[PDB]
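K.L.:
Sharing a structure with you now.
As a convention, Cβ positions derive from the backbone with ideal geometry for all residues, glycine included, and neighbour counts pool all protein chains shown. Readers should treat all values here as calculations from the given coordinates under stated rules, not as data from a laboratory.
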Amino acid sequence: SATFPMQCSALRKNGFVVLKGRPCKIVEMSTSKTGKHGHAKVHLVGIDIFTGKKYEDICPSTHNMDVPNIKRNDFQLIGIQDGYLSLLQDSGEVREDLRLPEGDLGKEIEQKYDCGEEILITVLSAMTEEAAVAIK
Amino acid sequence: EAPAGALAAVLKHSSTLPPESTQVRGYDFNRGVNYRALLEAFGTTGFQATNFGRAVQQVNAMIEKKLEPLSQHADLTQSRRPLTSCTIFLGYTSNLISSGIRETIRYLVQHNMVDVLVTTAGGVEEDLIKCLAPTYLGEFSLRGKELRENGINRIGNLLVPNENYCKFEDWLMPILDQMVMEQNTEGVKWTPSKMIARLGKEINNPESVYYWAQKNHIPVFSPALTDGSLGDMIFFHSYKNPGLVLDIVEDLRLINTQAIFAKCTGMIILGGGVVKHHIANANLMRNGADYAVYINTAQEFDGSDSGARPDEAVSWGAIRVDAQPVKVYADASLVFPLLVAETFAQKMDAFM
Amino acid sequence: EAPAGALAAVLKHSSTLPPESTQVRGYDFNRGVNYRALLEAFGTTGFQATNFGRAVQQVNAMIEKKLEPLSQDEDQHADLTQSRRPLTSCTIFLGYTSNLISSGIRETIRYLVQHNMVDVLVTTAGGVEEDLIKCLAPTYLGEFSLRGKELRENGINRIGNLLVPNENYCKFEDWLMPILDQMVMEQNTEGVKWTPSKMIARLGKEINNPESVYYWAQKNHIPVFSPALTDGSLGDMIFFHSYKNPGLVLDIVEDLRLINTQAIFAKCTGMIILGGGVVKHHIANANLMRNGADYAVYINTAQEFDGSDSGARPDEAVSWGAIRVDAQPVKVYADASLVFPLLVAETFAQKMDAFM
Amino acid sequence: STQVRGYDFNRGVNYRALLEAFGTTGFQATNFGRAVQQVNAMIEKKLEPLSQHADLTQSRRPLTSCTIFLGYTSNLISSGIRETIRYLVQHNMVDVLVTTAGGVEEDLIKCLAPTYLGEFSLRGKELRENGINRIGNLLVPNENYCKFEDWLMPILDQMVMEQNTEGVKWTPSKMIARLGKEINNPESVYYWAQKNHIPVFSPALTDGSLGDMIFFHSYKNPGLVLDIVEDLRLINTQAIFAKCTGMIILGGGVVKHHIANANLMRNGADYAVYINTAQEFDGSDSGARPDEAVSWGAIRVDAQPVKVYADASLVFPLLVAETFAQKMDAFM
Amino acid sequence: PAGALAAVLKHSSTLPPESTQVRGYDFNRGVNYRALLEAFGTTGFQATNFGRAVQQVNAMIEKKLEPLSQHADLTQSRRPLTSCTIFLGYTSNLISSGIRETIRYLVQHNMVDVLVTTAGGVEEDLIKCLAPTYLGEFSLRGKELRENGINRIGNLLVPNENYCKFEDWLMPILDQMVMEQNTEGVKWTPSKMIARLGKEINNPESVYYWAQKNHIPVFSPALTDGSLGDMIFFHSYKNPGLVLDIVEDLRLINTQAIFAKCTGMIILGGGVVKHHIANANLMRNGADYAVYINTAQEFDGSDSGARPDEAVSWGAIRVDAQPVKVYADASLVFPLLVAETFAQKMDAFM
Ligand SMILES: NC(=O)c1ccc[n+]([C@@H]2O[C@H](COP(=O)([O-])OP(=O)(O)OC[C@H]3O[C@@H](n4cnc5c(N)ncnc54)[C@H](O)[C@@H]3O)[C@@H](O)[C@H]2O)c1
Ligand SMILES: NC(=O)c1ccc[n+]([C@@H]2O[C@H](COP(=O)([O-])OP(=O)(O)OC[C@H]3O[C@@H](n4cnc5c(N)ncnc54)[C@H](O)[C@@H]3O)[C@@H](O)[C@H]2O)c1
Ligand SMILES: NC(=O)c1ccc[n+]([C@@H]2O[C@H](COP(=O)([O-])OP(=O)(O)OC[C@H]3O[C@@H](n4cnc5c(N)ncnc54)[C@H](O)[C@@H]3O)[C@@H](O)[C@H]2O)c1
Ligand SMILES: NC(=O)c1ccc[n+]([C@@H]2O[C@H](COP(=O)([O-])OP(=O)(O)OC[C@H]3O[C@@H](n4cnc5c(N)ncnc54)[C@H](O)[C@@H]3O)[C@@H](O)[C@H]2O)c1
């Protein structure tokens, strides 16, 4: 479903993994093999997909960790009504429960429409969180 | 005729030596094999056998001085061990624990024959590991590329499988978890000596050196405990439970206080390195030690402290001026069991 | 008439060596004294000069690898590493013993630290105190055969064939006590956790002498690591200071993390170790985390017949993963005093321009 | 497949078990145990009975099942090990002796005056004005060399007389046997060596006090000739006409290579034990490992040579007490 | 307690003003090779010994160049004598390496007087004129090299074919040496045989060709320990009768040292060469100068590891001398010693 086990010896770069309860993307991976330290160990460095914090952790080569399931969707945001974010959802209803990305980046989407630039708004679905970050 | 100068140079007249001088004499086997008499001829045989005999005499003097009854305790020191007529420091390297000499040092620790122990990080790791898996015999000429592919580590001519280090980790991680917790709740300040005592308590094996060391209240000091597999395993454990602190100043106070409040001191050092200098610096506080015996294979021509002769320690006050230290240039694995068989094993029932 | 069988042993038939075989040549002095050619001819002379030449080639390979520019697009993790030093294409560890600072090699090591030619420094407790003392009092020459009683009566300590008066250590205490007082005050009033590396970096800022190794080490942000810092004159000073202002704490677990992370996050690593002891095994243990080092050079006068670690050949470190399988480590069986200045005169000195 | 175990002193003090435990103790103790095994194999091979070439070999000594070469350096005769080597020569436990010049005369000089103990740190000047010579940590009065000249000169006169009147061709081995006969002391090595027909070889006999004595003597009664070509055929034919060979070398230098070259003529030796403190990093022959002699045919490719890195004065008495002393009866 | 403070801190005395400070070479001035080698004297442990050896050799060279103003009858030699006579001794393995080129430079230009070596050091030099020597490793296995017929000397490799070319060169010569013994009344000694072989080799790259061309005696007490002994043994089965006398060379080397104004010694290694030269110099109550370069230690009581001070005990070196020993491999320090001495004085040896 939204989260499934996987042996972290089989992970690769540019994957996804739950690091300290965060759906992070792996940017560095290494293995220390077996020797005087005791067992083969994996050193993982990951970057959060929502906030941008860096996390680091260490695996024993045989045990398992949770890989999250991410759903990719691009919604219809065409037209600004009443000054709000009138997301044209295909569910037949309209709601503003989705807020803008924190800071001035969220303002970058609405102000460019008056300049005649189209944006492919993408809403990212996580294992337990519903926030829109990815822009393309 | 032959020139007079050559004859005057080759053939001079000597001066007679005092009758106090001892003649060179060996041991003849026409009288049979008497092992006690064979080992006493070493004193009058030759170059290093004489040094071995003098070492035997020095250690015997240490032992005889120790057993004299004591006439106070200065218990302000963090020590539960009483005071005797002579305090003995025993220092050794790490490669001597991986060999059979481990069974000799333990004999001295089980019977309260020494007072202070000094070693390095490997000398604890290997001693604890040997209670979980054994060590084998190899050769000096084995190639490392083929050894690594089969997961075997080499130490001199000894072989250690990789799996021996897999068990140790499994035995160590639960203990470390119990050591951080006591650091947060009970406010326990950890030092290397306390950690070594805790590990010796936990191993619970009568064949281990540190089990008897903690059972008999014999302090063990090691200034650099993070240089080895123990430090490697501590490094990986801190990723899950951070916040471990090991302090090295209280250990310095404890070891320097042992020499200051001692009636008499003696040193037995096997090898060189940090264990030799650390004990010498500890004994410098009381203006030097009274007896000293060195056994190491280093040479002095490179200016190293390991290869230093016993005469330098007199120059900077580590050994008293009116003492006669002895050094033997030999491998410890060949001369330590023979030294113990003539000094400590003979006076065995007097240590009860 | 000689026995036939005995004639089959002395005159045994041989094989033919491969064409890629180097012959043996010396330097011909009939052409004059050309020092560069004289030093290059060591590679084919014989027993130890061949090892010297191979060490020169290994260090040159290290230097060529280091100078390669990075893509400068990498993440270059600085928060996970806790380092202010930018990353290069090759990280170099330099390890040395205490007695090498009491000699003139101190003016050879500093030249490498002043010009950002190394990355990590590893030494012992004596190698710091002697360097700091040399900035206050000088050191004299002597003899290997000198009686200890007469030296002790006059208060002169001997290190090999070097002499050090006691007044050199009396000047150290006066300079050192206020720094310790400030350190203890900051430990409580500002919440500072002290480690041996931080303490070493602190003492180099106070000597304020451009002739000091650890002044340039702290000026260029080069970490210096020393596990057993309490084995020397500085340890006695701390012991005596603890009776007036107790509370100083040095932690050795953080330095292990720092030195290990210096090797985990490295593109390539090389080792140069002069002597043996704890520094050699410390650097090897640090390099074990990344499955070994790519280049290595050893210079010491220790033999392996007693199963020691100092006398271990470079092929033993391959067995437990300290050095990589496909590497070519070199060891020179010689005194560092005679060899290190000649090694630096050929590498790190012909490329002075490229390091600016 | 052999574990590492020390000796447990809780069983008491048993010297035989303590010496046996060295085989599994560690670094050089293992080498000592292997050397004990090699020497025991030599001894058991020698005692086997055979089931004729005295003319070809120029040797009146009878043949056995294993010929043993014993080589030693000069400074080991000034020590107490002299009293051990003699024990092997008195009971016919070896076959060939190889030494240097200084290792010969110090055995004769010890029959006239003793040697005393000293220290390694004695200054040379005061020793020179007092007429004391230092060898390591041993002291020899110069007066001991004044006793040697008086005893030696008439022997040289007789040798010169017999060279001219009787047509005697002198070689170092013949001279050593002649000197051993004349001392007539049962505590001397070379008295027992000549009494039991054991050849002693010394390629360079003029490097010592014998050379000085001959040089001074030649100014009055000249004509002494010492040939070395004849002395080489004897040692080569000893190795050529042997059923089995074994080597025991204490130290290095001329004697080591001289024994190895002789054993090369039979395509190598079958057993070999080395005891010296030299290192091989400088390319010297003295410090060469036993695997280097296999390369040029001095040792057979299927043998198991052993080297011990220790002082001989500490190891040789323990080695003899474990191998030769336990087979005393079989050598009667 | 104040007693501990009385141990760590003690009052000291002032050193004499004639004390040299420790200082290395500063690389901020660039690489100046002449000044880099001069800074070894005040650098440390063995570099100081190197500097002292340089000074000793320079003193020998300066003493030799002082003009004289002599009895050949007693010495039985043709070489004229100078203000200083120099003995040069070396071991066998130093000729198998590149140091063989440095010795020939001194022999070619009459910079030394007497040569002392072993049997291998004579045959290796002549073999090198027929076939070369290659480079190997210290850890090559024995039986693998034996199957391919390669002999190992340290980290050097020698094919056996080299010894098959040597024998072919040697057998015709030996025959002649027998004939002259039975017809012309020739009395052979090792030095005369070495001179004859050096004359026969006729190669300007050989040490002994220049030694015989300049009338430099070479001594070797044990000439039968090596390949020459093997060839002589195999040759004596069909042409018996060869005799080598060692007493006459003992006379010659001793008379070379008795009738000398001043003596100097340079020895590379140990063994019989060191004792032989020292015993030769004992007959004049010692030598004025001495420099040692070897890697032996003294804890085993050996003569090779003996310090220069022990030679003073039995009169091998004068009491008022300053002998020097350098603890290093000769292959690394001999070319550097010749770069500073014997080479800056080239113009004075024409
Ligand atoms: N197996 C190992 O050697 C091992 C294992 C883990 C960690 N280490 C680490 O190695 C470092 C160096 O340890 P060290 O200083 O104890 O050893 P070392 O080998 O570095 O130095 C030992 C000293 O004693 C001498 N010596 C060694 N073996 C001897 C013997 N059998 N008889 C006589 N003298 C002998 C040496 O020549 C030298 O002077 C330490 O940091 C230690 O924790 C070593
Ligand atoms: N002046 C001093 O030596 C001095 C001063 C204060 C404290 N100490 C203490 O002494 C202890 C031992 O010091 P260490 O472990 O650094 O080394 P060390 O003196 O124990 O020497 C270790 C090994 O380094 C090698 N070595 C030493 N000098 C060499 C040289 N010139 N060339 C080549 N190889 C050489 C040898 O193999 C030697 O056995 C340390 O605890 C240190 O703090 C020493
Ligand atoms: N290639 C060979 O070595 C070779 C070949 C044929 C015969 N031999 C025979 O081998 C015998 C033994 O040789 P040896 O007595 O001439 O010497 P050796 O090989 O016994 O060496 C003696 C000593 O010289 C010193 N030494 C050696 N190499 C050195 C170096 N590179 N730098 C500094 N010091 C060094 C050391 O102190 C060493 O212990 C001789 O009788 C010789 O004829 C040798
Ligand atoms: N007292 C004397 O030594 C003495 C006296 C007169 C003449 N000489 C002359 O000196 C010459 C050169 O000396 P040498 O080659 O006979 O002996 P040496 O002592 O010079 O031989 C040195 C070699 O033997 C080894 N060695 C020596 N003693 C050892 C010991 N106790 N334990 C282990 N290894 C040991 C050394 O490590 C080295 O390999 C000889 O030709 C001899 O006649 C010596």
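K.L.:
Name the long-range amide H neighbours of residue B:118: under 5 Å, sequence gap of 5 or more, or other chain; modelled H, no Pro or chain starts.
P.N.:
B:90, B:91, B:92, B:221
K.L.:
Right, another one. Give the distance, in whole Å, between the Cα centre of region D:199-251 and the Cα centre of region B:285-323.
P.N.:
46 Å
K.L.:
Based on the Cβ-Cβ distance of residue D:55 and residue D:20, what FRET efficiency does E = 1/(1 + (r/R0)^6) give at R0 = 51 Å, to the nearest 0.05?
P.N.:
0.65
K.L.:
Still on this structure, please answer the following. Report the one residue of C:77, C:298, C:266 whose Cα lies farthest in the direction of the positive end of the charge dipole of region C:5-355 (charges on C-beta: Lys and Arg +1, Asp and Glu -1; origin at the Cα centre).
P.N.:
C:298
K.L.:
List, in order, the whole-Hz ³J(HN,Hα) value for each residue of region D:303-315 obtained from phi through the Karplus relation with A = 6.51, B = -1.76, C = 1.60 and θ = phi - 60°; use x for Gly and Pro.
P.N.:
7, 10, x, 10, 10, 10, 8, 7, 6, 5, 5, 9, 9
K.L.:
In what sequence do D:282, D:157 fall when counting other Cβ within 10 Å, fewest first?
P.N.:
Starting with the residue having the fewest Cβ neighbours, the order is D:157, D:282.
K.L.:
Given a cut-off of 32 Å, name the pairs among E:128/E:325; A:33/C:65; A:53/B:167; D:46/D:195; D:195/E:274; E:213/E:345 whose C-alpha atoms lie farther apart than that in the structure shown. Walk me through the numbers on the way to the answer.
P.N.:
Details: E:128/E:325 30 Å; A:33/C:65 26 Å; A:53/B:167 36 Å; D:46/D:195 21 Å; D:195/E:274 34 Å; E:213/E:345 22 Å.
Where the Cα-Cα span goes over 32 Å, the pairs concerned are A:53/B:167; D:195/E:274.
K.L.:
Within 10 Å of each candidate Cβ there may be at most 15 other Cβ atoms; applying that plus a DSSP loop requirement, which trypsin sites (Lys or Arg not before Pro) in region A:44-98 survive?
P.N.:
The qualifying sites are A:53, A:95.
K.L.:
Roughly what angle does helix C:125-134 make with the longest principal axis of chain C, taking Cα atoms, 0 to 90 degrees, to the nearest 10?
P.N.:
Approximately 70 degrees, to the nearest ten.
K.L.:
For region D:87-107 and region B:12-37, write down the distance between their C-alpha centroids in whole Å.
P.N.:
20 Å
K.L.:
Moving on. For region B:4-344, rounded, prolate or oblate, judged on the Cα gyration tensor with a ≥ b ≥ c (square roots of eigenvalues), a/c < 1.5 rounded, else prolate if a/b > b/c?
P.N.:
Prolate, since a/c reaches 1.5 and a/b exceeds b/c.
K.L.:
Starting at the first residue of region C:341-356, write each ³J(HN,Hα) from the Karplus equation 6.51 cos²θ - 1.76 cosθ + 1.60 with θ = phi - 60°, in whole Hz, x for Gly and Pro.
P.N.:
For region C:341-356, the Karplus-derived couplings read x, 6, 5, 6, 5, 9, 10, 6, 10, 6, 10, 4, 5, 5, 9, 9 Hz, x marking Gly and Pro.
K.L.:
Can you tell me the dipole magnitude for the protein assembly as shown around its Cα centre, using point charges on the Cβ only (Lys, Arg +1; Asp, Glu -1), in Debye to the nearest 20?
P.N.:
The dipole of the protein assembly as shown has a size of about 1840 debye.
K.L.:
Follow-up question, since we're still on this one. Name every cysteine in chain D that ends up alone, with no second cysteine's Cβ under 4.7 Å, or say none.
P.N.:
Lone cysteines by the Cβ rule: D:111, D:146.
K.L.:
Which of C:55, C:355, C:188 sits closest to the plus end of the dipole of region C:5-355, meaning its Cα is farthest towards the positive end, when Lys and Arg get +1 and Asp and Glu get -1 on the C-beta?
P.N.:
The residue sitting farthest along the positive end of the dipole is C:55.
K.L.:
Antiparallel DSSP bridges in chain C: what percent, to the nearest 5?
P.N.:
Approximately 25 percent, going by the DSSP bridge assignments.
K.L.:
Go ahead and run the numbers for FRET between residue B:171 and residue C:188, Cβ-Cβ distance against an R0 of 30 Å, rounding to 0.05.
P.N.:
0.20
K.L.:
About its Cα centre, what dipole magnitude does region B:64-156 give when the only charges are +1 on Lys and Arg Cβ and -1 on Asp and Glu Cβ, stated in debye to the nearest 20?
P.N.:
Numbers: 11 positive and 11 negative charges, 22 e Å.
So the dipole magnitude of region B:64-156 works out to roughly 100 debye.
K.L.:
Using the Cβ atoms and a cut-off under 13 Å, what net charge is assigned to the surroundings of residue D:90, where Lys and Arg are +1 and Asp and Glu are -1?
P.N.:
Cβ neighbours under 13 Å give a net charge of 0.
K.L.:
Count the net charge of all other residues whose Cβ sits under 14 Å from the Cβ of residue C:1, scoring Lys and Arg as +1 and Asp and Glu as -1.
P.N.:
+2
K.L.:
Something else now. Arrange A:24, A:8, B:264 by Cβ neighbour counts within 10 Å, fewest through most, would you?
P.N.:
Working: A:24 26, A:8 23, B:264 17.
Going from sparsest to densest Cβ surroundings: B:264, A:8, A:24.
K.L.:
What does DSSP give for the protein assembly as shown in terms of the percent of beta bridges that are antiparallel, rounded to the nearest 5?
P.N.:
Rounded to the nearest five, the antiparallel share is 45 percent.
K.L.:
Here is a further query. Name every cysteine in chain C that ends up alone, with no second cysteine's Cβ under 4.7 Å, or say none.
P.N.:
C:135, C:170
K.L.:
Something else about it: Write out the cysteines belonging to chain B for which the nearest other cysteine Cβ is not under 4.7 Å, or none if no such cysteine exists.
P.N.:
By the Cβ distance rule, which asks for a partner under 4.7 Å, the isolated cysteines are B:131, B:166.
K.L.:
What ranking do A:30-38, A:109-117 get when scored by the average of other Cβ atoms within 10 Å per residue, highest first?
P.N.:
Top of the packing list down: A:30-38, A:109-117.
K.L.:
Quick one: if you take sqrt(5λ) for each eigenvalue of the C-alpha gyration tensor of region A:70-134, what semi-axes come out, biggest first, whole angstrom?
P.N.:
Semi-axes (√(5λ), whole Å): 19, 15, 11.
K.L.:
Tell me which residues come under 5 Å, amide H to amide H, from residue E:153 once H is placed; ignore anything under 5 positions away on its chain.
P.N.:
E:158
K.L.:
Follow-up question, since we're still on this one. How do C:93, B:52, C:355, B:301 rank when sorted from fewest to most other Cβ atoms within 10 Å of their own Cβ? Walk me through the intermediate numbers first.
P.N.:
Details: C:93 27, B:52 23, C:355 13, B:301 20.
Going from sparsest to densest Cβ surroundings: C:355, B:301, B:52, C:93.
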